[PDB]
Amino acid sequence: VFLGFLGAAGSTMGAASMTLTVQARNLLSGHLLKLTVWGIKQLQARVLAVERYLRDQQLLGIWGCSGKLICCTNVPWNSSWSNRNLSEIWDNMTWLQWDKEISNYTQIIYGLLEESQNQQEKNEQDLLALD
Amino acid sequence: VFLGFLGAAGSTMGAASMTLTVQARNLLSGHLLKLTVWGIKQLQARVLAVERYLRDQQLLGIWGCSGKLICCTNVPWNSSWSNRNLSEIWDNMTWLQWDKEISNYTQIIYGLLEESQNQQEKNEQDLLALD
Amino acid sequence: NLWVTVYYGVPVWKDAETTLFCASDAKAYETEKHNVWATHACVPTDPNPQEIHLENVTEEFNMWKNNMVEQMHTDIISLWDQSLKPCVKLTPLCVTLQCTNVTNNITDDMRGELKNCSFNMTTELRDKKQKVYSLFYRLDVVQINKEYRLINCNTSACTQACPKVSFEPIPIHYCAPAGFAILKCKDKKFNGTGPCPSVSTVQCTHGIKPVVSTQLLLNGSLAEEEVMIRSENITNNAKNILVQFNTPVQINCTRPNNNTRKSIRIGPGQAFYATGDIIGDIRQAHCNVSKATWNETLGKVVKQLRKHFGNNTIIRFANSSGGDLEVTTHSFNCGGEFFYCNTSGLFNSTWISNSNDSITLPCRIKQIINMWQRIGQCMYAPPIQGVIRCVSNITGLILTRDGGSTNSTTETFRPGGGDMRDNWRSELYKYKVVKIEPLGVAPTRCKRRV
Amino acid sequence: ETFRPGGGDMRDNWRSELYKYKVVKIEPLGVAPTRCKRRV
Amino acid sequence: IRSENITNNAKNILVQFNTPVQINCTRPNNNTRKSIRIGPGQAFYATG
Amino acid sequence: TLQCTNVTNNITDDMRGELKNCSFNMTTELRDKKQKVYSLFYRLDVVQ
Amino acid sequence: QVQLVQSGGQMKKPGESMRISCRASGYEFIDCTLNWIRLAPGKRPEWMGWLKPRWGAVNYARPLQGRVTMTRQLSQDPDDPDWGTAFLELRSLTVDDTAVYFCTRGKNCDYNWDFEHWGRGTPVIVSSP
Amino acid sequence: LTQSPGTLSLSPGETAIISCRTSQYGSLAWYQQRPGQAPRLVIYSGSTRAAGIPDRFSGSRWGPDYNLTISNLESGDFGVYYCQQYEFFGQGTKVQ
Ligand SMILES: *[C@@H]1O[C@H](CO)[C@@H](O[C@@H]2O[C@H](CO)[C@@H](O[C@@H]3O[C@H](CO[C@H]4O[C@H](CO[C@H]5O[C@H](CO)[C@@H](O)[C@H](O)[C@@H]5O)[C@@H](O)[C@H](O[C@H]5O[C@H](CO)[C@@H](O)[C@H](O)[C@@H]5O)[C@@H]4O)[C@@H](O)[C@H](O[C@H]4O[C@H](CO)[C@@H](O)[C@H](O)[C@@H]4O[C@H]4O[C@H](CO)[C@@H](O)[C@H](O)[C@@H]4O)[C@@H]3O)[C@H](O)[C@H]2NC(C)=O)[C@H](O)[C@H]1NC(C)=O
Ligand SMILES: *[C@@H]1O[C@H](CO)[C@@H](O[C@@H]2O[C@H](CO)[C@@H](O[C@@H]3O[C@H](CO[C@H]4O[C@H](CO)[C@@H](O)[C@H](O)[C@@H]4O)[C@@H](O)[C@H](O[C@H]4O[C@H](CO)[C@@H](O)[C@H](O)[C@@H]4O[C@H]4O[C@H](CO)[C@@H](O)[C@H](O)[C@@H]4O)[C@@H]3O)[C@H](O)[C@H]2NC(C)=O)[C@H](O)[C@H]1NC(C)=O
Ligand SMILES: *[C@@H]1O[C@H](CO)[C@@H](O[C@@H]2O[C@H](CO)[C@@H](O[C@@H]3O[C@H](CO[C@H]4O[C@H](CO)[C@@H](O)[C@H](O)[C@@H]4O)[C@@H](O)[C@H](O)[C@@H]3O)[C@H](O)[C@H]2NC(C)=O)[C@H](O)[C@H]1NC(C)=O
Ligand SMILES: *[C@@H]1O[C@H](CO)[C@@H](O[C@@H]2O[C@H](CO)[C@@H](O[C@@H]3O[C@H](CO)[C@@H](O)[C@H](O)[C@@H]3O)[C@H](O)[C@H]2NC(C)=O)[C@H](O)[C@H]1NC(C)=O
Ligand SMILES: *[C@@H]1O[C@H](CO)[C@@H](O[C@@H]2O[C@H](CO)[C@@H](O)[C@H](O)[C@H]2NC(C)=O)[C@H](O)[C@H]1NC(C)=O
Ligand SMILES: *[C@@H]1O[C@H](CO)[C@@H](O[C@@H]2O[C@H](CO)[C@@H](O)[C@H](O)[C@H]2NC(C)=O)[C@H](O)[C@H]1NC(C)=O
Ligand SMILES: *[C@@H]1O[C@H](CO)[C@@H](O[C@@H]2O[C@H](CO)[C@@H](O)[C@H](O)[C@H]2NC(C)=O)[C@H](O)[C@H]1NC(C)=O
Ligand SMILES: *[C@@H]1O[C@H](CO)[C@@H](O[C@@H]2O[C@H](CO)[C@@H](O)[C@H](O)[C@H]2NC(C)=O)[C@H](O)[C@H]1NC(C)=O
Ligand SMILES: *[C@@H]1O[C@H](CO)[C@@H](O)[C@H](O)[C@H]1NC(C)=O
Ligand SMILES: *[C@@H]1O[C@H](CO)[C@@H](O)[C@H](O)[C@H]1NC(C)=O
Ligand SMILES: *[C@@H]1O[C@H](CO)[C@@H](O)[C@H](O)[C@H]1NC(C)=O
Ligand SMILES: *[C@@H]1O[C@H](CO)[C@@H](O)[C@H](O)[C@H]1NC(C)=O
Ligand SMILES: *[C@@H]1O[C@H](CO)[C@@H](O)[C@H](O)[C@H]1NC(C)=O
Ligand SMILES: *[C@@H]1O[C@H](CO)[C@@H](O)[C@H](O)[C@H]1NC(C)=O
Ligand SMILES: *[C@@H]1O[C@H](CO)[C@@H](O)[C@H](O)[C@H]1NC(C)=O
Ligand SMILES: *[C@@H]1O[C@H](CO)[C@@H](O)[C@H](O)[C@H]1NC(C)=O
Ligand SMILES: *[C@@H]1O[C@H](CO)[C@@H](O)[C@H](O)[C@H]1NC(C)=O
Ligand SMILES: *[C@@H]1O[C@H](CO)[C@@H](O)[C@H](O)[C@H]1NC(C)=O
Ligand SMILES: *[C@@H]1O[C@H](CO)[C@@H](O)[C@H](O)[C@H]1NC(C)=O
Ligand SMILES: *[C@@H]1O[C@H](CO)[C@@H](O)[C@H](O)[C@H]1NC(C)=O
Ligand SMILES: *[C@@H]1O[C@H](CO)[C@@H](O)[C@H](O)[C@H]1NC(C)=O
Ligand SMILES: *[C@@H]1O[C@H](CO)[C@@H](O)[C@H](O)[C@H]1NC(C)=O
Ligand SMILES: *[C@@H]1O[C@H](CO)[C@@H](O)[C@H](O)[C@H]1NC(C)=O
Ligand SMILES: *[C@@H]1O[C@H](CO)[C@@H](O)[C@H](O)[C@H]1NC(C)=O
Ligand SMILES: *[C@@H]1O[C@H](CO)[C@@H](O)[C@H](O)[C@H]1NC(C)=O
Ligand SMILES: *[C@@H]1O[C@H](CO)[C@@H](O)[C@H](O)[C@H]1NC(C)=O
């Protein structure tokens, strides 16, 4: 059941959510001035590939999803973004059709996650403090 | 209540400890030889900004604070570093006055955290081992 | 009641552009022939491309607003420029030449095409001066006042190409960086733009040959099952028309002379190579193509060009209209010498809506090439000795239609290669580079414990 | 006091425009005493 | 008025105004730039 | 080796000999002929 | 800015040729195409043919096949590369060629047929007596 | 292309329509030549006005038909009007 890189791009969302490992593992990999022609094209690609990966790992770090892939959070799904069944979201569509559906409601969500974490860590630290 | 980058620098320590997200998110961001003049000034800045960030994330990794911001540990506050009330530390001072107060007792603390973690993981692995 | 839930690493991409890097195979690097497309400093490729075929996905492709052809055209220039810096400037060559006609063994068509120019020249010591002679073509000498001079000496100097390097195109590959992806359209009827419903991601594209030509794309990759016609808009006139064959017609481009490359010391440690004498008789360099498979191949294109214009128009061809020598004639570098071949024998037909004779194309050979039309560059190709002859495909063919007549019963297509990136856009049309956007939220039923 | 003009350096012009500025590096870690007792 | 030390002599004194005095720096001649070929493809421009 | 002389076309007495009319041999586009040109250099650019 | 400094008006005779100019300056000349349109006093405007100035690849209008010819002349000065001229020559003149000849240019040179910048006109009058 | 009315003799202030019946799918563009000058672009791509247009001009497309409705006629607008596809110009309508 090894599809490959991006191999479930047109598959179901309920089955593309089981192959997240391979797209997570392929986000970083690896007579004088002719070394500098290909070199500055290779060195500018390796540094950009790292700090793009560290951005999506830090942005995932401040939601309570430090070292996970399927991480689930506190904030509920606001139905104004979409009003669909769970069967009409998960086991019939694909992730490319889904990203066009809520492309307007990304930064609304990405601010909802950070505030639910800083509320959470200040309440966790006062729960074990009484300890 | 969005101050901005460093916006609570002179605020109270009890209220600058609620805006740690914005200073954590701004620690990494993003006719021939004139590209190399500005390029080696930009490429030496992006690589230094990454490995400075990875150093403070790895150093935070070996204390039991892998993906947290407000992480609290086992070792108690040695009163020789400071003997103050919790009200005279938290809800009256600022973080810049605090860093000058215990600038001599940083590396004493940063060795106290690493030994309390390696004691902890060797005792956790023998607690569930009997399992 | 449903709950937000992140998902790291979903297959979700976006159209983007970046700096794709080189790749090349094994033995094209270990032979160490110092190719001008320096793949010896480039990354060696994989043993096999992992051509993952996706399913159920229709990606919106476009070959005209692509960015890989803007990035290939910059890398070919910067490889053709960087490989000329360790070569010798011909700045002591701008002297007053004293030429005369060669009449050793001259046929009347190549009557005064090449002149025997004899000039003073500085030797290895900086105070003596030798008297040498050479053989320059008439496309490299202009008249001064018979005293001549080179065609460049009032507009730039000229690095001679170092004869260690070779302009033969080794196939280079383009690989996406980490975090990006290249999508190859595996459809066969994909014309120019739209949903290609059989996508297949690819880590590293196949062997792209960086060959340069005009009016006739050479050693290309052939479209199967048909002969296809690409255009950004078939009704526009400023837009070219890229034809791509299914069977390759064969071309035999030769040069009959047996010239002797002779070294000349100019200063210390810098040589200048010049045609000394022609061993034997002197004739014109020609190119052959068999008419039985050529007139058949023009019969395929007219049958496919009558889909866009109607099944009753009198499709006509004609030879090039105007321009200078690099667009009005077929131009290539066969084996290290530049042929400018006259294609007025090919494009001359008329189709009215219903074998070894071997059409010949007489060519002229130049040495002071420009190749990119950059004011201030020039590259005196050193003369290669012996007869030189190559045998090659003709897979692609560039056309531009013309004018307006208020009468759509006839269209007279003429060749023309006014850009140098239309060759490579006939090989990077299947590809598009996209960046992976791995984060993605979705509602499901999670309620966190703490 | 007899003041005379003189521009003996070329960086005194730009120091009349970069006087408001100073570059500092952020030191984001910081420990502090509070009342936490870890569970495990 | 800025200075690193107003009593030192080696240290300059940087004055910074609030209203800018205006300066009109002109040149009355109408010289003709004339190109000269020096070698191939290299020009040298001179007042003719 | 320049061969200069004073310009006195229309010269006021304060800019009396400030600019000189220097006429010198110079290599042309070909590396064996030599042209004879002239120019106008200020006195702060020529020594004797 | 984009300036198309054209030539001056001529007064030919039937049989002779002509040669009018057009000097493009202000933009990068060797990338964006040109055009050549004539405006008769009592007829349609008539397009005559473009000229991509890198290599001078021309394309004449089919009623003027084998009569009009269009050259260019780049700037070989490395100091000032973004200028250059463009010539036209219409052999075998007739009374019907009495017009005013413009050397237009596109708006942005990814689409040609939005003739924003025009020339001042080169009014050619061809009369038999 | 074909422009319908030919001549339009109006008093300054009225509205004026000019229709360019096209044939093939091309992006039309409108031109205005006052006598004694070079023409200039007013409308391109059918509807978009050119740079430096007082918005008294308007383009509207219904299939193989385009319009140019000038709202209020002024002094320096009584010239001639051409519509231009790929390389093909209209018959010309002289408004006056
Ligand atoms: C080179 O470049 C040029 C310039 O870019 C290219 O030209 C473009 O070519 C395309 C070819 O597809 C043309 O698209 C088609 O245009 C027609 C005409 O659209 C006009 O009419 C619309 C309705 O008018 C009706 O009545 C008239 C009679 O007067 C009929 O002639 C019409 O056909 C209609 O029945 C009107 O609504 C349009 O305005 C809107 O749409 C245009 C784009 O079309 C926009 O620019 C406007 O701003 C505005 O939004 C316009 O006035 C359309 O009718 C065609 O649309 C049909 O198909 C569409 C899907 O492809 C569908 O969404 C439409 O609703 C419509 O559907 C019809 O056909 C369906 C087939 O399934 C039927 O099911 C349906 O019931 C209906 O019958 C289409 O848009 C471009 O207009 C043209 N652009 C220009 C500037 O001319 C050229 O092709 C390029 N060449 C090449 C080869 O690359
Ligand atoms: C489109 O595609 C076609 C098909 O590939 C391609 O055709 C090729 O033509 C080129 C040009 O002729 C060929 O390259 C040369 O071939 C000649 C002949 O080679 C045959 O015989 C030799 C014998 O050794 C075999 O090894 C070879 O495999 C062939 O069977 C060779 O003589 C050439 O070698 C010289 O030039 C090289 C340039 O790279 C040098 O590296 C090399 O060392 C040789 O030059 C030197 O030695 C000479 C002899 O002493 C000396 O005189 C010179 O001064 C110099 O020192 C070269 O291999 C190529 O093989 C053809 N491919 C085929 C299969 O036909 C088209 O070129 C191509 N592109 C176009 C036209 O657009
Ligand atoms: C470097 O040297 C080159 C050769 O010495 C220089 O080229 C010449 O430049 C001049 C002007 O700078 C041109 O002169 C005029 O020519 C045009 C075009 O016409 C002539 O030739 C064509 C055939 O090619 C013919 O069809 C025409 O009818 C003309 O007879 C005329 O329109 C002008 O009126 C004027 O006569 C030369 O034509 C041109 N020669 C060539 C061979 O191109 C070049 O300018 C020099 N570069 C520098 C930077 O100095
Ligand atoms: C490209 O090739 C074509 C044909 O293959 C060339 O056209 C030919 O040019 C020659 C002269 O160069 C013309 O010849 C003359 O021939 C006539 C006989 O028709 C003779 O009476 C004259 O005295 C003169 O010698 C020949 O006619 C012409 N071919 C045709 C069909 O007209 C063309 O010139 C080549 N291109 C270039 C740039 O040379
Ligand atoms: C090579 O240089 C020599 C000397 O510079 C040239 O010889 C002379 O040519 C000039 C031409 O004006 C004559 O006036 C002299 O009388 C010649 N002198 C001798 C000793 O021959 C010679 O012509 C040059 N060679 C070439 C091919 O240009
Ligand atoms: C172009 O070159 C090829 C090979 O160099 C020629 O091909 C020979 O053609 C004959 C036809 O009589 C065949 O029998 C041979 O098998 C071919 N190969 C060899 C190695 O001899 C061809 O004739 C040339 N000319 C063209 C295509 O016009
Ligand atoms: C065009 O060039 C190609 C290679 O550059 C020639 O092809 C190989 O040719 C042999 C001979 O028939 C075929 O059996 C192979 O299948 C070809 N290779 C591939 C990968 O398909 C081809 O022969 C040339 N065309 C002509 C007409 O000679
Ligand atoms: C330019 O060069 C020529 C020749 O090199 C100079 O001419 C000669 O000058 C010398 C000076 O010592 C005289 O002895 C010769 O008799 C001159 N010969 C001729 C033919 O004039 C000339 O003076 C130089 N020009 C300048 C301005 O220096
Ligand atoms: C593609 O679509 C078909 C439709 O029948 C579906 O059965 C299949 O699961 C989808 N995915 C793959 C990977 O084939
Ligand atoms: C849901 O989203 C809308 C806008 O899309 C917003 O106005 C509303 O406040 C949101 N409600 C909740 C409960 O998130
Ligand atoms: C998203 O917003 C844009 C304007 O910002 C709008 O055009 C588009 O229709 C919106 N998408 C959805 C799905 O509402
Ligand atoms: C700054 O000091 C004032 C003192 O009155 C205090 O009230 C305030 O909270 C402090 N912080 C900010 C951000 O103003
Ligand atoms: C507290 O710190 C002092 C030095 O500041 C040290 O000597 C002492 O051992 C420390 N005690 C504890 C309990 O950490
Ligand atoms: C820290 O140590 C230095 C000497 O290492 C000393 O001068 C300074 O007073 C100390 N600071 C405190 C707060 O004790
Ligand atoms: C070329 O000229 C040289 C010198 O006159 C002479 O020795 C040689 O024979 C000539 N060769 C030809 C091809 O005319
Ligand atoms: C040399 O050849 C040219 C062109 O072939 C010709 O114009 C010239 O007259 C010839 N020289 C002599 C002396 O015949
Ligand atoms: C390609 O062909 C399809 C139909 O097979 C057509 O709809 C599309 O317009 C064509 N592409 C172009 C650029 O015309
Ligand atoms: C060319 O000349 C050389 C030297 O005379 C000879 O060895 C070679 O065989 C000749 N080539 C041909 C094709 O005649
Ligand atoms: C090409 O055409 C010429 C024209 O006569 C002929 O002599 C020759 O045999 C043909 N073939 C080759 C390979 O040159
Ligand atoms: C070209 O082929 C067509 C049929 O494919 C034939 O009718 C015609 O006579 C051929 N022309 C020549 C010159 O062989
Ligand atoms: C034109 O005729 C051909 C005959 O083979 C036919 O295939 C094609 O569909 C026709 N096209 C039109 C538009 O009638
Ligand atoms: C071009 O075609 C015409 C008609 O088919 C013919 O008379 C003429 O000889 C041809 N010219 C060439 C060079 O093939
Ligand atoms: C300078 O001279 C030129 C050429 O004679 C003339 O066009 C220009 O107006 C003059 N400038 C002044 C300020 O007189
Ligand atoms: C400068 O000298 C040259 C050569 O003598 C002369 O032609 C020109 O008139 C002189 N100009 C001036 C300003 O003296
Ligand atoms: C030329 O001018 C200089 C300085 O103005 C002067 O010293 C010199 O005597 C002048 N030359 C002559 C011949 O008067
Ligand atoms: C153009 O104006 C006429 C005037 O009656 C109108 O009938 C027609 O519908 C208009 N067309 C468009 C496309 O606006």
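Chains as they are written, first to last, in my numbering: chain B, 1020 to 1150; chain U, 1020 to 1150; chain X, -8 to 441; chain D, 8 to 47; chain E, 36 to 83; chain W, -10 to 37; chain C, 4 to 132; chain L, 87 to 182. All residues carry an ideal CB built from backbone N, CA and C; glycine is no exception.
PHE164/L to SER95/L, Cα distance in whole Å? Within the eighth sequence, the letter at position 78 stands for residue 164/L. Within the eighth sequence, the letter at position 9 stands for residue 95/L. Spanning the two alpha carbons is a distance of roughly 9 Å.
Does the distance between the C-beta of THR87/X and the nearest non-hydrogen atom of ligand 5 fall short of 7 Å? If you number the third sequence from 1, residue 87/X lands on position 96. Yes; taking the cut-off as 7 Å, the Cβ of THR87/X has a heavy atom of ligand 5 nearer than that.
Is there a C-beta anywhere in chain B that falls below 8 Å from the one on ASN(-8)/X? Along the third sequence, one-based indexing puts residue -8/X at 1. Taking Cβ atoms only, chain B reaches closer than 8 Å to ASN(-8)/X, which makes this a yes.
So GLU1143/B contacts chain X; which residues on that side make the cut at Cβ distance below 9 Å? Position 124 of the first sequence, counting from 1, holds the residue named residue 1143/B. The answer, in chain order, is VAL441.
Less than 8 Å between the C-beta atoms of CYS144/X and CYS85/X, yes or no? Here the question's residue 144/X lines up with position 153 in the third sequence. Here the question's residue 85/X lines up with position 94 in the third sequence. Going by C-beta atoms, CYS144/X is nearer than 8 Å to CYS85/X.
Considering only DSSP beta bridges, list what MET73/C is partnered with. Along the seventh sequence, one-based indexing puts residue 73/C at 70. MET73/C pairs with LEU91/C.
When Cβ atoms are compared, which residues of the region 311 to 324 of chain X fall closer than 7 Å to chain C? Here the close residues are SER312, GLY313, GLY314, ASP315, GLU317 and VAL318.
At a CB distance below 9 Å, what residues from the region 62 to 87 of chain C approach chain E? Give them in sequence order. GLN79, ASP80, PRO81 and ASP82
Cβ of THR334/X within 8 Å of Cβ of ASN302/X? By one-based count along the third sequence, residue 334/X stands at place 343. By one-based count along the third sequence, residue 302/X stands at place 311. Result no, Cβ atoms of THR334/X and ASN302/X do not sit closer than 8 Å.
For ligand 9, list every residue whose C-beta falls under 5 Å from any of its heavy atoms, going in chain order. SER1030/B, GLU46/X and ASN47/X
Can you list, in chain order, every residue whose CB sits closer than 6 Å to a heavy atom of ligand 26? The filter returns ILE103/L, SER105/L, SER146/L, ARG147/L, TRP148/L, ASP151/L and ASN153/L, in chain order.
Indicate, with yes or no, if ligand 14 has a heavy atom lying under 7 Å from the CB of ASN1137/B. As a working note, residue 1137/B is residue 118 in the first sequence. No, ligand 14 has no heavy atom inside 7 Å of this Cβ.
With 16 as the cutoff for other CB atoms within 10 Å, does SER23/D come out buried or exposed? Residue mapping note: residue 23/D aligns to position 16 of the fourth sequence, counting from 1. When all chains shown are included, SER23/D counts as exposed.
Which term fits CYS60/E, buried or exposed, when burial requires 16 or more other beta carbons within 10 angstroms of its beta carbon? One-based indexing of the fifth sequence puts residue 60/E at position 25. That one is exposed.
Of all the residues that make up the region 1125 to 1150 of chain B, which are near chain D by a beta-carbon distance shorter than 7 Å? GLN1144, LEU1147, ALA1148 and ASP1150
Would you report the Cα separation of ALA169/X and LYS5/X, rounded to the nearest angstrom? Position 178 of the third sequence, counted from the first residue, corresponds to residue 169/X. Position 14 of the third sequence, counted from the first residue, corresponds to residue 5/X. Approximately 15 Å, taken between the alpha carbons.
Using the beta-carbon of each residue, which ones in chain U are nearer than 8 Å to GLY37/D? Taking the fourth sequence and counting its residues from 1, one reaches residue 37/D at position 30. Residues of chain U passing the Cβ test: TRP1114, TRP1117 and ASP1118.
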